[PDB]
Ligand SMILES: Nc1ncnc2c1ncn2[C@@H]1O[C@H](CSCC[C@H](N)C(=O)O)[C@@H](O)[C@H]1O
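Shown here is one chain on its own, the form deposited without ligand SAH, set out as structure tokens.
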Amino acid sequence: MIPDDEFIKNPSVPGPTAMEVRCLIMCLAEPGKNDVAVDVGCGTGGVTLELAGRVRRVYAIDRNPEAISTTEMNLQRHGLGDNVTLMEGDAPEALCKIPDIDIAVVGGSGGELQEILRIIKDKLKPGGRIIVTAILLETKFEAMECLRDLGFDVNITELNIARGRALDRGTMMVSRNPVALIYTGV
């Protein structure tokens, strides 16, 4: 999989999602070659890149123009993007213009999490999966609550990752901020 260091970064754009998290998102999503996926809040394009090479169509959404731009660049550098529809603008509006989906990954909730999830529920193909990426303590709670209130069986996994950094004196373990994945049953 593409490591964090091989991504094009931008100051106003957060990400990429740590590779270890992207790895788990892919496993929970269970991407099929005929699946249609949406990535709400694509940021640097980490999740978009991985999905792109595994499903039929990927719709990448973000309010931040810089994010659409960075995702666009990372897509090209790795020769993907032919099956990716980039969409700038407000998440709720953009989601209304999209076909039904098999996989929905919601990163930057952008405050409108509850609305985004309701909309996503109305477009979810049977057997579809929703995966919410949470950095804020409130998102972990809000996501769990919404998904349960929309009738899904909800689960949550928190990851704490430490990678070794080679120093002269030795290998020191460097932490990544904890990331929680709230996901609905398959």
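Don't overthink the numbering: it's just position in the shown sequence, from 1.
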Checklist line | Selected stretch [higher average CA B-factor]: 68-76 or 103-111 | finding: 103-111
Notebook entry, point to check: Comparing 156-164 with 114-122, where is the mean C-alpha B-factor higher?
Noted result: 114-122
Check: Taking the values straight from the PDB record, which of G46, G151, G41, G32 has the highest C-alpha temperature factor?
Finding: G32
Notebook entry, point to check: Based on the entry's values, in what third of the chain does the Cα temperature factor of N177 lie: lowest, middle or highest?
Noted result: lowest
Item checked: Chain-wide C-alpha B factor ranking for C23, given as lowest, middle or highest third -> lowest
Item checked: Where the record places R63 (Cα B-factor, split into thirds across the chain) -> highest
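Although it is not shown, the form deposited with ligand SAH bound is what the next lines describe.
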Margin query: Quick one: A91, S109 and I116 and ligand SAH in the bound PDB entry, is every residue within 4.5 Å by at least one heavy atom?
Written below: yes
Notebook entry, point to check: For the chain shown here without its partner, which stretch in 57-65, 117-125, 147-155, 27-35 has non-hydrogen atoms within 4.5 angstroms of ligand SAH in the bound PDB entry?
Noted result: 57-65
Next item on the list: Using a 4.5 Å heavy atom cut-off, state whether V132 contacts ligand SAH in the bound PDB entry.
Entry: no
Next item on the list: Decide whether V47 counts as a contact residue for ligand SAH in the bound PDB entry under a heavy atom distance cut-off of 4.5 Å.
Entry: yes
Notebook entry, point to check: Heavy atoms within 4.5 Å of ligand SAH in the bound PDB entry: does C42 have any?
Noted result: yes
